[PDB]
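J.: Attaching a single structure in structure tokens format; questions to follow.
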Amino acid sequence: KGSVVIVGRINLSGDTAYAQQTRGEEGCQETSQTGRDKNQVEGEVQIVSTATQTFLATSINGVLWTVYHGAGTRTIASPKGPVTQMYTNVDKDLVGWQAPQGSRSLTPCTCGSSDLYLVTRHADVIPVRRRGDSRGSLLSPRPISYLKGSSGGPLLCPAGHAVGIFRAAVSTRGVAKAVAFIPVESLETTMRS
Ligand SMILES: *[C@](O)(C(=O)NC1CC1)[C@H](CCC)NC(=O)[C@@H]1[C@H]2CCC[C@H]2CN1C(=O)[C@@H](NC(=O)[C@@H](NC(=O)c1cnccn1)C1CCCCC1)C(C)(C)C
Ligand SMILES: [Zn+2]
């Protein structure tokens with residue numbers, strides 16, 4: 001097995017979103033195998049790694065959420081050693097840990113806006129137009145490479161509240177046309193029986 005390892009962070013507090021890498025490929029390979037990570041955590045969105053993949057994870061209501069197809073049943077490396085998952089929902093493709101010390105949690109969106117904002121792993125903020133429970137159109141199509149690594153990141157309100165967790169793109173010939181996401185309501189259902 002192995003722990004998922006925070007290799008970075010996205011800050012959404014200020015006027016513009018930015019990414020910081022805080023750990024390289026060699027130091028991440030090391031920390032996955034110990035499960036002990038003494039680095040300072042900050043931000044709403046974390047950049048996380050397994051042995052194969054690098055993607056996002058997002059704190060909402062005190063829980064760091066990401067995708068199950070990326071994270072699996074893995075522990076997360078922390079300053080007190082490896083932390084077990086608090087929630088595992090394979091049906092909803094959703095796993096969550098106790099939000100790490102240092103982090104900030106997003107609030108669930110209560111406004112029902114269909115104007116969403118996808119935060120990518122490069123801290124690009126892309127407008128998405130909500131279409132149903134779990135889908136949204138891209139106002140501009142992108143190469144899927146643009147979104148590769150963003151699984152686990154948030155879709156936001158215009159108010160900066162969590163609408164959902166990005167998990168997949170609908171793609172034709174390497175051009176993403178839409179995004180699929182885990183709605184924040186599903187995260188709420190997961191905590192609430
Ligand atoms: C995300 O996990 C990530 O950042 N991973 C780190 C980089 C390694 C990653 C982000 C991709 C934009 N997500 C995925 O890889 C997801 C996962 C979760 C669900 C299945 C796999 C594949 N996947 C995708 O996003 C794919 N999308 C699809 O398979 C969609 N299907 C189509 O687009 C399609 C199918 N038939 C004909 C034409 N188009 C399905 C559609 C239904 C909902 C699930 C996604 C790719 C093709 C990788 C974009
Ligand atoms: Zn809202």
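None of the figures in this text is laboratory data; all of them are computed from the coordinates on show. Here the Cβ is made from the backbone with ideal geometry for all residues, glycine too, and neighbour counts use every protein chain on show.
J.: Could you calculate the FRET efficiency of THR88 with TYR18 from 1/(1 + (r/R0)^6), where r is the beta carbon distance between them and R0 is 35 Å, rounded to 0.05?
T.: According to the calculation, E is roughly 0.65.
J.: Once fully extended, how much extra length lies between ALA178 and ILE144, figured as 0.36 nm per residue of separation less the alpha-carbon to alpha-carbon distance?
T.: Working it through step by step, the gained length comes to 11.2 nm.
J.: In addition: Under a crude label model (7 Å from the Cα following the beta-carbon direction), how far is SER171 from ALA51 in nanometres?
T.: Spacing of the two 7 Å Cα→Cβ label points: 2.3 nm.
J.: For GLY112, what charge total do you get from the other residues with a beta carbon under 14 Å from its beta carbon, if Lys and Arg give +1 and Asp and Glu give -1?
T.: Numbers: positive: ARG129, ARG130, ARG131; negative: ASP115, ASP133, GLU185.
Once positives and negatives cancel, what remains is 0.
J.: I would also like to ask the following. For the pair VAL125/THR107, report the inter-label distance in nm, with labels modelled 7 Å from Cα in the Cβ direction.
T.: 1.7 nm
J.: To continue, here is another question. Can you give the calculated 222 nm mean residue ellipticity of the chain, where each DSSP H run of n ≥ 4 adds -39,500 (n - 2.57) and the sum is split over every residue, rounded to the nearest 500 deg cm²/dmol?
T.: Computed mean residue ellipticity for the chain: -3000 deg cm²/dmol.
J.: Under the definition of Cα pairs under 8 Å and six or more residues apart, what whole-number percent is the relative contact order of the chain?
T.: 19 percent
J.: Another question, if that's okay. If packing is taken as the average number of other Cβ atoms within 10 Å across a peptide's residues, how do 70-81, 161-172, 26-37 rank, most packed first?
T.: 161-172, 70-81, 26-37
J.: Taking the chain as a whole, which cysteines find no other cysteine Cβ under 4.7 angstrom from their Cβ?
T.: Singleton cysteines: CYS28, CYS111.
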